[PDB]
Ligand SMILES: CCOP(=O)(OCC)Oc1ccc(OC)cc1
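As structure tokens, one chain now follows by itself in the form solved without the ligand.
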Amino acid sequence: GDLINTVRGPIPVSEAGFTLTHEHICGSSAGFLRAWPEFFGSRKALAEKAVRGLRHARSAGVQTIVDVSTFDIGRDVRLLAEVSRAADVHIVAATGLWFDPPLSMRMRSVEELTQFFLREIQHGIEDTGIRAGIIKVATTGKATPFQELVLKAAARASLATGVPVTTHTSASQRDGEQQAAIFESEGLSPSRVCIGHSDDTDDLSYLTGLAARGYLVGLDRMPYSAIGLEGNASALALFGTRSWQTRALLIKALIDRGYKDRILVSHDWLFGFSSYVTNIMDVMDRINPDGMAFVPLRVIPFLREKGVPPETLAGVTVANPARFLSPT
């Protein structure tokens, strides 16, 4: 009877089922959806699009997503609850800080940040009573001084609550190694940590080094590719030039090296996106019309056809998220 908190309340761990561990309803900024909803057409249009997309994922077998939007990604837990209910897909919300914190966060101490993360896990987000079930943190290269405090505060909040920590990295810069060192300096167990965007690199020395230490490896950008769009500089910079099959081969590469229990798979998809160039959501929807159904529709069959046993795929998509999310 282990439980996880969702935007609709507590659920049994065993009901999470097929879980995408790094997703977003909307990638935005604090206050932005409230102040400028017309950027997304309207709030109603954004919610309707998210409901359609989540229903499509559900039809393809997805039962839960972890929306890793923090305060500074503009997380709107009321929107999450509305779309979760309408689409019948569980959504786990996040606390933490990504790489766009405002001054009122950047000026805070490790102790103050710990209190904020604990508020969102133990009390509730804003005035809603909805509790976060994961802590999201970020570096983009070597940690800034402030990011070091964020990572330490995340470790402290995790140790106090059992909730896991998940990260954004610049994978080509091997950020996960420094992240791990900071977390371990606070006594955090690697089994509570997912080093994300790890499919942005093919450096298996880096990835197996983390997996060997007990970290979860987040292969979470499966549909990201600018192949065919190389003349679009903004798409090229965000999506890269590696195909989805190349990204998916990393799942098999880690399985083949003994690390099936250390893999989490996701898309890093969204239904609105205001923190990048205007039009980016349209580019993305053309790349991947299947949205959050892409992993079950394309990635899982690709792996099965390469010989990965169904039981292993179920372990990656069901058992690993359940172990990760269960407070421990």
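Numbers for residues come from their place in the sequence shown, where the first is 1.
Student: If you average the Cα B factors in the entry, which is higher, 131-139 or 242-250?
Tutor: Per the PDB entry, the higher value belongs to 242-250.
Student: Mean CA B-factor: is it higher for 208-216 or for 223-231?
Tutor: Per the deposited B-factors, the answer is 223-231.
Student: Looking at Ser69, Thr278, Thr64, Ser266, which has the biggest Cα B factor in the entry?
Tutor: Each of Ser69, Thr278, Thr64, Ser266 was compared by C-alpha B-factor; the highest is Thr278.
Student: Name the one of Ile91, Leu113, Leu188, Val165 with the greatest CA B-factor according to the PDB entry.
Tutor: Most elevated C-alpha B-factor of the set, per the entry: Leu188.
Student: If you rank the chain by CA B-factor, which third does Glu23 end up in: lowest, middle or highest?
Tutor: Bottom third by C-alpha B-factor.
Student: Would you mind ranking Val7 by its C-alpha B-factor against the rest of the chain and naming the third, lowest, middle or highest?
Tutor: It belongs to the lowest third of the chain when residues are ordered by C-alpha B-factor.
Student: Would you check the entry's CA temperature factor for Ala154 and let me know if it's in the chain's lowest, middle or highest third?
Tutor: Lowest third of the chain for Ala154's C-alpha B-factor.
Student: If you rank the chain by CA B-factor, which third does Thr95 end up in: lowest, middle or highest?
Tutor: Its C-alpha B-factor, which the entry lists for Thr95, ranks in the lowest third among residues of this chain.
Student: How does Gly258 rank on Cα B-factor within its chain, lowest, middle or highest third?
Tutor: It belongs to the highest third of the chain when residues are ordered by C-alpha B-factor.
Omitted from view is the form solved in complex with the ligand, to which the following refers.
Student: Let me test this: is every residue among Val165, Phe183 and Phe324 within 4.5 Å of the ligand in the deposited bound form, going by heavy atom positions?
Tutor: Checked in the deposited bound form: no contact with the ligand for any of the three.
Student: Taking the ligand as it sits in the deposited bound form, is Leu238 near enough to touch it, meaning that at least one heavy atom pair lies within 4.5 angstroms?
Tutor: The answer is yes: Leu238 has a heavy atom within 4.5 Å of the ligand.
Student: Using heavy atoms and a 4.5 Å limit, would one call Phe71 a contact residue for the ligand in the deposited bound form?
Tutor: Contact with the ligand, no.
Student: Report whether the minimum heavy atom distance between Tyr276 and the ligand in the deposited bound form is within 4.5 Å.
Tutor: Although the ligand is absent here, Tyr276 would touch it in the deposited bound form, with heavy atoms inside 4.5 Å.
Student: According to a 4.5 angstroms non-hydrogen atom cut-off, is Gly27 in contact with the ligand in the deposited bound form?
Tutor: So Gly27 counts as contacting the ligand.
Student: In the deposited bound form, which of 220-228, 114-122, 145-153, 77-85 comes within 4.5 Å of the ligand (heavy atoms)?
Tutor: Answer to the contact question: 220-228.
Student: Would you mind picking the one in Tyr206, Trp244, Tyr215, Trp98 that has a heavy atom within 4.5 Å of the ligand in the deposited bound form?
Tutor: Here the answer is residue option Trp98.
Student: With the ligand left out of view, choose which of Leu303, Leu33, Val62, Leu270 has a non-hydrogen atom within 4.5 angstroms of it in the deposited bound form.
Tutor: Flagged contact: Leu270.
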